[PDB]
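Worksheet: one structure, shown below.
Cβ placement follows ideal geometry from the backbone for every residue including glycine, while neighbour counts extend to all protein chains displayed. Throughout, read-outs are computed from the coordinates displayed, never taken from laboratory work.
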Amino acid sequence: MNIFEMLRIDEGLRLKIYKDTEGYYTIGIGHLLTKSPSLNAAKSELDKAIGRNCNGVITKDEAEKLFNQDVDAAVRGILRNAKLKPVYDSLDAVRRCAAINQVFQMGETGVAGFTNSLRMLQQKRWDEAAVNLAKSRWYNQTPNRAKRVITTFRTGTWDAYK
Ligand SMILES: [Cl-]
Ligand SMILES: [Cl-]
């Protein structure tokens with residue numbers, strides 16, 4: 001297992017513009033296009049991203065390309081964040097994949113506010129962190145996915161991803 005396979009499992013793959021779990025326009029492998037409710041805004045953003053007139057639909061290769069850039073961006077966002085970087089570098093390789101996944105899903109922003117859990121993860125208090133992490137809007141709105149990530153942080157293995 002690796003980050004790509006893991007996220008590909010959590011986000012799925014769709015070649016036509018769709019609404020995510022929060023109702024925002026998205027495409028490919030969880031690539032948010034816009035938070036605005038105007039589809040046109042979304043189509044414009046798509047075109048801009050891909051570099052061509054898509055008419056709301058892309059190819060697999062196009063989706064995968066966006067995915068690549070998006071993973072990279074997330075990692076790079078982690079690294080540049082003063083509160084995140086130190087936690088991230090203290091973790092082992094599997095748990096770092098759990099960190100990327102949360103950041104990919106919620107933004108460096110959302111994650112940066114998990115101060116307490118962050119500290120627990122840094123101290124290697126696995127079970128305490130798992131309980132803390134569950135006390136969130138994130139776990140309550142997307143519990144199945146949150147559970148998988150949390151078990152990942154808790155155990156340091158890919159068991160939740162089987
Ligand atoms: Cl792009
Ligand atoms: Cl879920």
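Taken over segment 54-93, the criterion of being of a type in the set (S, T, N, Q) and within 15 Å of ligand 1 (Cβ to nearest atom) is satisfied by 59, 68, 69.
Selection within segment 94-142: residues that are polar (S, T, N, Q) and not in a helix (DSSP H, G or I). The member of this set that is farthest from residue 9 (Cα to Cα) is 123. Within segment 63-84, residues that are more than 17 Å from residue 15 (Cα to Cα) reach partners that are away from ligand 1 (no atom under 11 Å from the Cβ) and among the polar types (S, T, N, Q) with beta carbons closer than 8 Å, at six or more positions or on different chains, in the pairs 83/115.
Does segment 148-160 contain at least one residue that is more than 13 Å from ligand 2 (Cβ to nearest atom), free of Cβ contacts under 8 Å to residues at least 12 places away in the same chain and of a type in the set (D, E, K, R)? Checked against the condition, which is being more than 13 Å from ligand 2 (Cβ to nearest atom), free of Cβ contacts under 8 Å to residues at least 12 places away in the same chain and of a type in the set (D, E, K, R), segment 148-160 yields at least one hit.
Among the residues of segment 1-57, just one is touching a residue at least 60 places away in the same chain (Cβ under 8 Å) and aromatic (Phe, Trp, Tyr), namely 4. Every condition in (1) surrounded by 17 or more Cβ atoms within 10 Å (Cβ to Cβ); (2) away from ligand 2 (no atom under 16 Å from the Cβ) is met by residue 52 except one, and the failing one is (1). For segment 24-40, the criterion of a residue being farther than 18 Å from residue 103 by Cβ and assigned to a helix (DSSP H, G or I) is satisfied by at least one position. If only residues of segment 57-90 that are of a type in the set (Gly, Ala, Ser) and surrounded by fewer than 17 Cβ atoms within 10 Å (Cβ to Cβ) are counted, the one that is farthest from ligand 2 (Cβ to nearest atom) is 82. Looking across segment 38-49 at every residue that is surrounded by 13 or more Cβ atoms within 10 Å (Cβ to Cβ) and within 11 Å of ligand 1 (Cβ to nearest atom), the one that is farthest from the chain's Cα centre (by Cα) is identified as 47. For segment 59-92, filtered to residues that are among the small types (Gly, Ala, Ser) and in a helix (DSSP H, G or I), the residue that is farthest from the chain's Cα centre (by Cα) is 90. Only one entry in 121, 133 is free of Cβ contacts under 8 Å to residues at least 40 places away in the same chain and within 16 Å of ligand 2 (Cβ to nearest atom), namely 133.
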